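Q: I'd like to ask some things about the structure below.
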Amino acid sequence: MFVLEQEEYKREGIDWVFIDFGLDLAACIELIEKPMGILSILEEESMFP
Amino acid sequence: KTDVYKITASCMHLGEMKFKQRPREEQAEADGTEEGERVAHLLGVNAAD
């Protein structure tokens, strides 16, 4: 609703100053340091008696 | 008479469609309409399609 429309706008080359609205939630979906993290430890360890 | 010429001549018309580099992604859309309109009309295909 704020970004995708603009991802084409910025490419069109129309006089349009971008509008940020400061609503982001990306930094929780996957881990910054190592992809997945928890899942890989969880999987590989289980066989260990 | 007009119909065979209508389908035949769009094959001149089509190479006018001048795509341009808008390097934010490289997905170009082509700079105009007339180029592909003189194709579209001679066919009667949905102009928006």
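Please note that chains go A, B, ... in the order of the structure tokens, that every chain numbers its residues from 1, and that ligands are numbered from 1 in the order shown.
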At a cut-off of 8 Å, which residues of chain B touch chain A? Count only C-alpha atoms and give the answer as a list in words.
A: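 Taking only C-alpha atoms into account, residues 22, 23, 24 and 25 of chain B sit within 8 Å of chain A.
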Q: Hey, what's within 12 Å of residue B:33 if we count only C-alpha atoms and toss same-chain stuff fewer than 3 positions away? As a compact mmCIF listing (two decimals) with N, CA, C and O atoms, in the first residue's frame, please?
A:
```txt
# COMPACT_ATOMS: atom_id res chain seq x y z
N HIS B 13 4.87 -2.09 -39.05
CA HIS B 13 4.54 -1.31 -37.85
C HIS B 13 5.18 -1.71 -36.53
O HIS B 13 5.37 -0.87 -35.64
N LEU B 14 5.49 -2.99 -36.34
CA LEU B 14 5.87 -3.44 -35.01
C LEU B 14 7.26 -3.04 -34.52
O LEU B 14 7.46 -2.80 -33.33
N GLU B 16 8.76 -0.34 -34.60
CA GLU B 16 8.82 1.03 -34.13
C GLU B 16 8.85 1.09 -32.61
O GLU B 16 9.25 2.11 -32.04
N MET B 17 8.46 0.01 -31.92
CA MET B 17 8.30 0.05 -30.47
C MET B 17 9.61 0.22 -29.72
O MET B 17 10.30 -0.74 -29.37
N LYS B 18 9.99 1.48 -29.48
CA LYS B 18 11.28 1.81 -28.91
C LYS B 18 11.37 1.72 -27.39
O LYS B 18 11.11 2.67 -26.66
N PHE B 19 11.68 0.53 -26.87
CA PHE B 19 12.10 0.38 -25.48
C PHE B 19 13.33 1.21 -25.11
O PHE B 19 14.26 1.37 -25.92
N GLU B 29 9.73 -0.30 -20.22
CA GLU B 29 8.47 -0.14 -20.91
C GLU B 29 8.81 0.84 -22.04
O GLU B 29 9.76 1.63 -21.90
N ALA B 30 8.09 0.79 -23.16
CA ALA B 30 8.56 1.39 -24.41
C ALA B 30 7.98 2.78 -24.61
O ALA B 30 6.85 3.06 -24.20
N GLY B 36 2.60 0.78 -31.52
CA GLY B 36 1.93 -0.50 -31.31
C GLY B 36 0.42 -0.40 -31.53
O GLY B 36 -0.31 -1.39 -31.52
N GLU B 37 -0.05 0.83 -31.71
CA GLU B 37 -1.46 1.09 -31.93
C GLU B 37 -1.74 0.77 -33.39
O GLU B 37 -2.67 0.04 -33.73
N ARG B 38 -0.84 1.22 -34.26
CA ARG B 38 -0.96 0.95 -35.68
C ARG B 38 -0.77 -0.53 -36.01
O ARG B 38 -1.07 -1.02 -37.10
N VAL B 39 -0.21 -1.26 -35.03
CA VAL B 39 -0.38 -2.70 -34.97
C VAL B 39 -1.78 -3.07 -34.47
O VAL B 39 -2.55 -3.72 -35.18
N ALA B 40 -2.15 -2.62 -33.27
CA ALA B 40 -3.37 -3.07 -32.60
C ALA B 40 -4.63 -2.94 -33.44
O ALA B 40 -5.29 -3.93 -33.72
N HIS B 41 -4.94 -1.74 -33.95
CA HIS B 41 -6.12 -1.47 -34.75
C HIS B 41 -6.32 -2.38 -35.95
O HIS B 41 -7.41 -2.92 -36.14
N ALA B 47 -6.84 -3.50 -26.87
CA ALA B 47 -5.75 -2.53 -26.87
C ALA B 47 -5.01 -2.42 -25.54
O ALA B 47 -3.79 -2.26 -25.51
N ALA B 48 -5.78 -2.53 -24.45
CA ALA B 48 -5.26 -2.72 -23.11
C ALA B 48 -4.57 -4.06 -22.89
O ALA B 48 -3.49 -4.09 -22.29
```
Q: Would you mind writing down, as a list in words, each residue of chain B that DSSP on the backbone assigns to helix (DSSP H, G or I)?
A: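 These are the residues in question: residues 2, 3, 4, 5, 6, 7, 8, 10, 11, 12, 13, 14, 15, 16, 34, 35, 36, 37, 38, 39, 40, 41, 42 and 43 of chain B.
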Q: One number please: atom CA of residue A:4 to atom CA of residue A:21, in Å, one decimal.
A: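 Computing it gives 12.9 Å between the two atoms.
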